[PDB]
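Asker:
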Amino acid sequence: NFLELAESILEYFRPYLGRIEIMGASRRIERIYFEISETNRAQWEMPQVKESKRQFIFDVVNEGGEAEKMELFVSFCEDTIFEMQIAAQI
Amino acid sequence: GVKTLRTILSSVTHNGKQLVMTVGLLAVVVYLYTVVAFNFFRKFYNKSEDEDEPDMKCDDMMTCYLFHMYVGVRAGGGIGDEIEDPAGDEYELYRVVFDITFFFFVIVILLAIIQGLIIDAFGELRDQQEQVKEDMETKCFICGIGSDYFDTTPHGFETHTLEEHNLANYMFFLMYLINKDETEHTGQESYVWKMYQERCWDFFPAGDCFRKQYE
Amino acid sequence: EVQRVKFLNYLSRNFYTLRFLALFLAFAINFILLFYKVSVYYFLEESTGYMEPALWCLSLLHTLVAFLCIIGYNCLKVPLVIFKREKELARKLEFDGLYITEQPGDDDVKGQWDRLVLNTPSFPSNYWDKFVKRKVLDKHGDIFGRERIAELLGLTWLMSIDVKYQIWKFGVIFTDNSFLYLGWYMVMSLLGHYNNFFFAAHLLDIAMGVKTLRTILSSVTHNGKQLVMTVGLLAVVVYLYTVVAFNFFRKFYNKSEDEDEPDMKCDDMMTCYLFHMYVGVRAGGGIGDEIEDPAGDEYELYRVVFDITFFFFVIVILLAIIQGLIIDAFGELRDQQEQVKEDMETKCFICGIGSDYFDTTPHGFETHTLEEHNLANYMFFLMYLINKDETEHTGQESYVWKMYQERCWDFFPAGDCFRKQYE
Ligand SMILES: [Zn+2]
Ligand SMILES: [Zn+2]
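Chains as they are written, first to last, in PDB author numbering: chain D, 4162 to 4251; chain P, 4819 to 5033; chain S, 4545 to 4583, 4628 to 4742, 4765 to 5033.
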């Protein structure tokens, strides 16, 4: 009720929003939030990313049920970040 | 260009180590027949200009092999299409069966496996393609569990994915970590940052979910 | 002579690679066998003069290995399979007593040779509990005569040996698939002394090289009972058509040198069936490819529909059935091939349950296997049992040892697991 009262201007902010579950080091699953840079978000949208994600998901679901889901995921992220490190150059 | 054709090359040889046998199994067949053919049946191999003039039947072991390796390996209409017969003569009962051993064993038993070695194989990685889309839309790519439990709220598992787990958020999270100085790290992120330092990556859900865990 | 004994032990010591390189020998023989030509008899060597003469030895060389390998098999699986049969029959008497009771005739076939073997002293040649016979009198003997069951049962080197066991043993040697295999192989090898071209068939050995080809043969043969219907149906159909063909349609079967000269159409019932059996059973392009038509005449619509029936019921149905009959099977047993790794990596090979529950800890179910259940550990535990004296057996291993004695093997998990059972 108070939220809905305060819900008046939050919509602007959802783009900016980043939210995820985490199973933290205390045996609970926090629902933390975090901000996402927009300039970064823009770079994400078009190149070998969304397609790379189509690829990556294929790179995983091809062997995804193994608990490297967590782990294979790692590099893709670090890689696309590097991709944005490259995307920034142009 | 694009995946649709890349599938095809992938078909050829994701499971091509099976294929090793096939041309070898066929060589077997052909080394087999031909030598007996070079023994008991040379006299049927003519491809002379019909009338009795000297010709290139058999003539060499290599050649009679390559002949079947050209013709018989294609066959289609089989060697019996171009062997010189009836014949009509000695060991005819055998040559026919020799033609038949050439036929059930080859025309069918050889070639088909050779086909099906690929065809399922085409249907393998292709089946995975929807299976990708299926597993994204069934089991959660992130927490696992399955869509099923989050479909309990209407249209809800996309909220469990695109709005909750999103998957893609994680990546932005890292750069969110990296851009920040360690001073300003929240203590929740920070072990998680440390967990990045340590790379167990165990803080991704076992598959228990927040609202699943409670309510 | 002990150098020869240990040399054979080297022979077994390298049993596989000899087999493999030998097959490469024969393969090479066969590649290079691509050269002889009669002038009558003569051999066309190309360049080097020594290829055929090397073969004067290579045949025998290959043959040597054959001879070699066979003897090695005698040192290899043979005492193993004998041990296997030994355990078999022995445990059978241990619990069933079939010769005391459920005896074979030529029915229950295996046992017909096996009847005689029990009589021999040396029946328990290598079972390492080689006293079982007295347990057998201990159990089944009370139902009957205690000594009536005993009536059933209980160089120098030349005279020793012990007799009746031996013929059964060589018969067990006959039972083996592998030994027929190497024997057919070697007999062919000696055929190479008679003729090097009949000597080529050794390449067939590739069928066991390796699993993939064995996959293939297995694709064929696991269900030939299905083949029966097809070849039968084919024969059926072929009669079916051919007879009417000998009736209503003889006049279309010519394969005369085009012009009106007498020819080998039909002519006999057999001959026509084998005409279709050479052709129509192949066809591809159909019987209509070499039947003499149009025609263009009487009963044309019926021969044409005849051709159509031939083209559906045969060309399409039969062949393909056979083809699927094979392919579905290749995918079957192949799917069983992946299914091994799948089940090993899903349901626990031991406790069952499924990986799923142990995947709850990360990378966990491999730990539920190799680091918990493993599997080889059971057996290492068994040797561990066997080596220990009964005094020093821990009570757990001791009842378990008894369970070995009794062979229910129930103490292998229902599928409950320790940490699964608790926490
Ligand atoms: Zn998830
Ligand atoms: Zn287990």
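Note that CB positions come from ideal geometry on N, CA and C, so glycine has one too.
Would you mind working out which of S:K4680, S:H4812, S:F4862, S:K4779 sits nearest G4906 (chain S), comparing C-alpha positions?
Answerer: Considering only alpha carbons, the answer is S:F4862.
Asker: Which residues are close to ligand 2, meaning CB closer than 5 Å to any heavy atom, in chain order?
Answerer: Per the Cβ criterion, the list is S:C4958, S:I4960, S:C4961, S:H4983.
Asker: Is the CB-CB distance between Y4849 (chain P) and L4827 (chain S) below 8 Å?
Answerer: Going by C-beta atoms, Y4849 (chain P) is not nearer than 8 Å to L4827 (chain S).
Asker: If you reduce the DSSP assignment to three classes, tell me which class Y4580 (chain S) lands in.
Answerer: The answer is strand: DSSP assigns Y4580 (chain S) an E or B state.
Asker: By alpha-carbon positions, which one of D:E4227, D:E4199, D:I4193, D:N4223 ends up nearest to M4245 (chain D)?
Answerer: Nearest C-alpha to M4245 (chain D): D:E4199.
Asker: On the DSSP bridge list, what partners appear for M4184 (chain D)?
Answerer: Answer is D:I4190, bridged to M4184 (chain D).
Asker: Can we count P5023 (chain P) as close to ligand 1, meaning its CB is less than 7 Å from some heavy atom?
Answerer: Indeed, a heavy atom of ligand 1 lies less than 7 Å from the Cβ.
Asker: Select from P:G5025, P:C5018, P:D5026 the residue whose C-alpha is nearest the C-alpha of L4233 (chain D).
Answerer: It is P:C5018.
Asker: Between the Cα of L4843 (chain P) and those of P:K5012, P:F4923, P:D5020, P:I4897, spot the shortest distance and give me the residue it belongs to.
Answerer: For the residues P:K5012, P:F4923, P:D5020, P:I4897, the minimum Cα distance to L4843 (chain P) belongs to P:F4923.
Asker: Does any C-beta atom of chain D lie closer than 8 Å to the C-beta of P4904 (chain P)?
Answerer: Chain D, which has no Cβ nearer than 8 Å to the Cβ of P4904 (chain P), makes this no.
Asker: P4972 (chain S) to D5026 (chain S), Cα distance in whole Å?
Answerer: Going by the C-alpha atoms only, they are around 20 Å apart.
Asker: By the 7 Å beta-carbon criterion, what residues does the region 4870-4902 of chain P contribute toward chain S?
Answerer: Answer in chain order: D4878, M4879, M4880, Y4883, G4894, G4895, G4896, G4898.
Asker: For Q4836 (chain S), which residues from the same chain have a beta carbon less than 8 Å from its beta carbon, with the 5 sequence-adjacent residues on both sides left out?
Answerer: Result list for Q4836 (chain S): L4935, in chain order.
Asker: Could you check whether the Cβ of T4708 (chain S) sits closer than 7 Å to any heavy atom belonging to ligand 3?
Answerer: Absence of ligand 3 from the depicted structure is noted, with ligand 1 and ligand 2 being the only ligands included.
Asker: For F4711 (chain S), name the three-state secondary structure that DSSP assigns.
Answerer: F4711 (chain S): coil per DSSP, three-state reduction.
Asker: Which chain P residues are close to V4830 (chain S), counting only those with a beta carbon under 8 Å from its beta carbon?
Answerer: Result: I4927.
Asker: Name the chain P residues that come within less than 7 Å of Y4580 (chain S), Cβ to Cβ?
Answerer: Chain P residues near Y4580 (chain S): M4879.
Asker: Taking the CB atoms as reference points, tell me whether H4983 (chain S) and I4960 (chain S) lie closer together than 8 Å.
Answerer: Yes. Within cutoff.
Asker: Does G4742 (chain S) come out as helix, strand or coil in the three-state DSSP assignment?
Answerer: Coil.
Asker: Alpha carbon to alpha carbon, how far is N4857 (chain S) from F4808 (chain S)? Give it in angstroms, no decimals.
Answerer: For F4808 (chain S) and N4857 (chain S), the distance between alpha carbons rounds to 45 Å.
Asker: Applying a beta-carbon distance threshold of less than 7 Å, which residues of chain D neighbour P4972 (chain S)?
Answerer: In chain order: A4228.
Asker: I want to verify the contact list: residues of chain S whose CB lies under 8 Å from the CB of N4857 (chain P), in sequence order.
Answerer: Simply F4807.
Asker: Do the CB positions of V4950 (chain P) and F4219 (chain D) come within less than 8 Å of each other?
Answerer: In contact: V4950 (chain P) and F4219 (chain D) (Cβ atoms closer than 8 Å).
Asker: Report the neighbours of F4940 (chain S) on chain P: residues whose CB is nearer than 8 Å to its CB, in chain order.
Answerer: Per Cβ cutoff of 8 Å: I4931, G4934.
Asker: List the residues of chain D that residue 5034 (chain P) touches, going by C-beta distances under 8 Å, in chain order.
Answerer: No statement about residue 5034 (chain P) is possible, as the shown extent of chain P runs from 4819 to 5033 and does not include it.
Asker: Rank S:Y4804, S:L4792, S:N4833, S:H4832 by C-alpha distance to the C-alpha of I4816 (chain S) and give the top, closest one.
Answerer: For the residues S:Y4804, S:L4792, S:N4833, S:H4832, the minimum Cα distance to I4816 (chain S) belongs to S:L4792.
Asker: Quick one: Cα of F4780 (chain S) to Cα of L4555 (chain S), how far?
Answerer: Spanning the two alpha carbons is a distance of roughly 21 Å.
Asker: If the cut is a Cβ gap below 8 Å, which residues of chain P does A4845 (chain S) touch?
Answerer: Within chain P, no residue comes near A4845 (chain S); the closest Cβ sits about 12 Å away, beyond 8 Å.
Asker: With 16 as the cutoff for other CB atoms within 10 Å, does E5033 (chain S) come out buried or exposed?
Answerer: Classification for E5033 (chain S): exposed.
Asker: Determine, for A4186 (chain D), whether the minimum Cβ-Cβ distance to residues of chain P falls below 8 Å.
Answerer: Yes - at least one Cβ of chain P is within 8 Å of the one on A4186 (chain D).
Asker: For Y4851 (chain S), tell me which candidate among S:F4920, S:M4769, S:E4739, S:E4976 has the shortest Cα-Cα distance.
Answerer: It is S:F4920.
Asker: Leaving aside the five residues before and after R4563 (chain S) along the sequence, list all residues of the same chain whose C-beta is less than 7 Å from its C-beta, in chain order.
Answerer: Cβ within range, chain order: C4657.
Asker: Going along chain P, which residues have a C-beta under 8 Å from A4642 (chain S)?
Answerer: Going along chain P, no residue has its Cβ under 8 Å from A4642 (chain S), so there is no contact; the nearest lies around 17 Å.
Asker: Exposed or buried, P5023 (chain P), counting other C-beta atoms within 10 Å across all chains shown (16 or more means buried)?
Answerer: So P5023 (chain P) counts as buried.
Asker: Answer with yes or no whether the minimum CB distance from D4953 (chain S) to chain D is below 8 Å.
Answerer: Output row for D4953 (chain S): interface = no.
Asker: DSSP state of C4882 (chain P), grouped into three classes?
Answerer: Residue state, collapsed to three classes: helix.
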